[PDB]
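A.B. asks: Structure incoming, see below.
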Amino acid sequence: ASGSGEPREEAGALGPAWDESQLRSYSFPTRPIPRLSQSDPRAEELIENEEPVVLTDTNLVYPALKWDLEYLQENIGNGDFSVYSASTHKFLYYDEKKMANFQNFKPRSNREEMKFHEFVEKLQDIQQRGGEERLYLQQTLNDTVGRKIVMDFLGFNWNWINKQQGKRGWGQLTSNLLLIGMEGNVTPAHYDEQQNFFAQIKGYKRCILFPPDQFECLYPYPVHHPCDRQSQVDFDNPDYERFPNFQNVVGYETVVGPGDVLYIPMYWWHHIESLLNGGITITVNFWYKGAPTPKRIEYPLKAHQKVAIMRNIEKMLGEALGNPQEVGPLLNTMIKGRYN
Ligand SMILES: CC(C)(NC(=O)c1c(O)c2ccccc2n(OCc2cscn2)c1=O)C(=O)O
Ligand SMILES: [Zn+2]
C-alpha cells in the first residue's frame, strides 16, 4: 500500500520531492525503513544489528551534491566507463565469467566501455530521438579521475564512515561504484556479500529491501548461473506456479534523495528503481568486506549464515562433479523421496 510513507516536503516550500505515481506497482506489502540522524543511537543500533537504516545527515558525499552531467563531463577525466544498455526497464546483470557454464541462455543487457562524453552524447540522443532504449553507467571510480573530482572525493566524510568501519569490525573498503541512470531504470532484486553504504547524490531512488530469511520467497538463480545472487522472480509478472512463496514476501521500502545514505546490510535483498519521470539519478556506493566469522559458532545460525552454507554446497558440488550442470540432478536425487 505505502511503505515509503508520505513524500517528504523540501525546504523553502519547493513542494513534494516526489509523488506515488512515480513509483512502480507491485504485488507485495512493504513497511518503512527508519529515517534517522547519524547522531541518533537507534541508527547506531540498527547498523550494529545489521538492519537497514537511512541516515539523513552524514554529509558523507556532501561535496558530490553539486555533481551533474556537465560538471562530471569536464572533470571526471577521460577514462573508460562501463555503460549497460537495455531494451526494457529492468537491468539484469550477468557474471561474464560464468557465461561459459550456461550456453542455452542469452544476455539482454550488454556492457560497453566508452568515454564519459560519449555516454552524455549517447544519452541526450535518446531524449531527442525519443527512443525507448535505456542506459546505466556503472563504473568503479579509480585515480584516472580529474583534479576537481579527486578534491571532491577528499571532501567526503571519511571521519564518519571510517569509524563505522572500525566499530563494526568490518574489512577494508573494496570499491566506490559511481552510478548514473535514466529515469525508470530498475535494478531487479538481488543480494550482495558485502556491507554497503548507499549514498544518494542526484535524483530519487526507491529501494525495496528483503531480509535474508526470505531466501525461500525470492528464488535466486543457481550459484553457477551468470545471474547468480539475483531473484528469478519477475516483480512485474511473478510466476506464482514456479515461485509460490513469493506470495509471502514482505519488503522494507524507502525513497532516498540527495544527501541520504541507505545502509544495505550484507546479504539483504534489494530492488532499486529510479523514479519515473524523475530525471537522471546519481549514486556512489561504499562496499566493505564484512566482519570475519566469530571464533566459536553461536546457535541457532543466523539466516545469512545458512545462505552462505547453501552457496558453499553448490560450489562444492560444482567442483566435485566436474560440471556445474550436474549439481541440480544430484541435489534432486538426494532429496526426492528422502527429505521432501
Ligand atoms: C547501484 C545499483 C544499480 N545497485 C546494485 O545493487 C548493484 C549493481 O548495479 C552492479 C552493477 C554492475 C556490477 C555489479 C553490481 N552490484 O554488485 C557488486 C558485485 C558484482 S559481482 C560481485 N559483486 C550491485 O550490487 C542501484 O540501482 O542502486
Ligand atoms: Zn546490490
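Numbering (PDB author numbering), first residue to last: 10 to 349. Just so it is clear, CB atoms sit at the ideal spot from N, CA and C, and this is done for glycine as well.
#1: Using a threshold of 7 Å, is the CB atom of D104 nearer than that to any non-hydrogen atom of ligand 2?
#2: Pull every residue with its beta-carbon under 6 Å away from any heavy atom of ligand 2, and keep them in chain order.
#3: So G21 and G260 are in contact, right, with Cβ under 8 Å, and what is the actual spacing, rounded?
#4: Roughly how far, in whole angstroms, is the beta-carbon of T39 from the beta-carbon of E282, given that I think they are within contact range, below 8 Å?
#5: Identify every run of the alpha helix (DSSP H) within the region 114 to 188, keeping only runs that are complete inside it and at least 4 residues long; order them along the chain.
#6: Where do the N-terminal and C-terminal ends of the alpha helix (DSSP H) with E328 fall, by residue?
#7: For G288 and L69, I'd like the C-alpha separation in whole angstroms.
#8: For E142, collect the residues of the same chain with a Cβ closer than 8 Å to its Cβ; drop the 5 residues on either side in sequence, then sort them by chain order.
#9: Does any heavy atom of ligand 4 sit closer than 7 Å to the C-beta of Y93?
#10: May I ask which residues mark the beginning and end of the alpha helix (DSSP H) holding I56?
#11: Using 10 angstroms around the beta-carbon of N113, count the other beta-carbons present and answer buried if the total reaches 16, otherwise exposed.
#12: The alpha helix (DSSP H) that contains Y80, what's its start and end?
#13: List the endpoints of the continuous alpha helix (DSSP H) containing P338.
#14: Would you mind stating whether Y103 and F206 have Cβ atoms separated by less than 8 Å?
#15: Grab me the residues of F244's own chain with a C-beta within less than 6 Å of its C-beta, minus the 5 sequence neighbours each way, in chain order.
C.D. replies: In this structure, then:
#1: no
#2: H199, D201 and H279
#3: Actually they do not touch by this definition, with Cβ atoms about 32 Å apart.
#4: That pair is no contact at about 13 Å.
#5: 125 to 138, 156 to 163 and 167 to 176
#6: First-last of the alpha helix (DSSP H) with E328: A312 to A329.
#7: Cα to Cα, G288 sits roughly 23 Å from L69.
#8: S94, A95, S96 and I135
#9: Judged by which ligands are present, ligand 4 is missing from the structure shown, whose ligands are ligand 1 and ligand 2.
#10: In the DSSP assignment, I56 falls within the alpha helix (DSSP H) that extends over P50 to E57.
#11: Exposed, by the Cβ-count rule.
#12: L78 to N84
#13: Per DSSP, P338 is one residue of the alpha helix (DSSP H) stretching across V336 to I344.
#14: no
#15: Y35
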